[PDB]
Amino acid sequence: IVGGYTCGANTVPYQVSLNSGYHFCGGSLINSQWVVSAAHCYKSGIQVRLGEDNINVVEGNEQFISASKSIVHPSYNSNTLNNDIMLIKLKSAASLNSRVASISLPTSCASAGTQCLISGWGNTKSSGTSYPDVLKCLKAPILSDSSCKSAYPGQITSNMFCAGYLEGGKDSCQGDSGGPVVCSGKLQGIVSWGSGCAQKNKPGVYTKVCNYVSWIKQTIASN
Ligand SMILES: N=C(N)c1ccc(/C=N/NC(=O)c2cccnc2)cc1
Ligand SMILES: [Ca+2]
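Residues numbered from 1 in each chain as written, not as in the entry; some residues may be left out. Chains lettered and ligands numbered in written order. Heavy atoms only, no water.

This deposited entry lists X-ray crystallography as its structure determination method and 1.80 Å as its resolution.

(A) Just the pairing of strand β3 (residues 23–31), in detail. Counting buried residues along β3, eight of its nine residues qualify, which places the element largely inside the surrounding structure. As consecutive antiparallel partners, strand β2 (residues 15–19) and β3 are separated by three residues, and within that stretch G21 has a phi angle of approximately 100 degrees, a positive value. Here β3 pairs with strand β4 (residues 34–37) via three bridges, running antiparallel. Paired with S28 across the strands is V36, a residue of β4. (Buried < 20%, exposed > 50% of the residue type's maximum accessible area, 1.4 Å probe, protein only. Helix = DSSP H or I, 4+ residues; strand = E, 2+ residues; numbered from the N terminus. Pairing = 2+ DSSP bridges.)

(B) Main features of empty space enclosed by the protein. The final tally for this structure, using the stated rule, is one cavity of 30 Å³ or more. In this structure, the largest cavity spans a volume of roughly 30 Å³. Taken together, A163, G164, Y165, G168, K170, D171, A198, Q199, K202, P203 and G204 make up the lining of the largest cavity. By residue class, the composition of the lining of the largest cavity is four nonpolar, four polar and three charged. (1 Å grid on protein atoms, 1.4 Å probe; cavity = no way out; pocket = protein on both sides within 12 Å on 5 of 7 lines; lining within 4 Å. Points joined across faces, edges and corners; volume = space filled by probe spheres on them. Nonpolar A, V, L, I, M, F, W, Y, C, P; charged D, E, K, R; others polar.)

(C) Representation of the coordination of the calcium ion (ligand 2) within the structure. For the calcium ion (ligand 2), the full set of protein donor atoms is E52 (OE), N54 (O), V57 (O) and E62 (OE), and the range of their distances to it is 2.2 to 2.4 Å. Owing to a relative accessible area of 14%, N54 belongs among the buried residues under this scheme. With a relative accessible area of 41%, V57 lands in the partly exposed category. (Donors = N, O, S within 2.8 Å, 3.2 Å for Na, K, Ca; no water.)

(D) Region of the structure containing the UniProt feature "binding site: Ca(2+)" in the protein. The UniProt feature table records "binding site: Ca(2+)" at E52, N54, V57 and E62. Mapped onto the elements, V57 comes out in the loop between β5 (47–50) and β6 (63–72). Filtering out sequence-adjacent residues up to four positions away, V57 remains in contact with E52 and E62. Its place among the elements puts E62 in the loop between β5 and β6. (UniProt positions renumbered as here; feature names shortened; annotations may be inferred. Contact = heavy atoms within 4.5 Å.)

What follows is the structure in structure tokens.
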């Protein structure tokens, strides 16, 4: 997260860190056994780390649970990043409490202008490289689909939306991938892609979660 703020320990209780010996992606806990992340975060040997603030220090609220299965969206295209969504099942159910909690799935899509909270442990610099240890947060509006398409000609599908600031300076970034965009208490987006980070006229692009709620529910129901 570039141009954001320190969230505060466990203030984003659905935020997960995906760990394969090190943090490599974010994710969102959607019930006691399932995490939503980006398909581009797919790899084997994932351990899901819940209740994290400082990802380099055991602080007392963590639950570390290995993934038992990963399900990349059937239509994920790694070249276009269309359908950039994946489900991860935990080997055991998380113990849900104030600091480890699921986030509600949307029942309808969000509109341009809605404010959202984007969070993660990704790069904090738009030019250089600095990775934070504690969770960073950014409040950002959803942008109109027309401005999104204008920013990224030929690249925005109906499964994507832009959020952030066309002036630059405030954005998600590398390492935030797979993490949440939460708007009015619903998971509306997943950190997917962008051109650099926090660059002028290049806002963050996010997976449009409301399109996938049907697939998420039925997948969970049979797995
Ligand atoms: N501007 C955003 N909101 C944004 C931009 C990019 C990304 C993702 N980056 N990933 C990388 O660079 C990368 C990751 C692994 C290996 N090699 C390169 C997320 C958000
Ligand atoms: Ca920790």
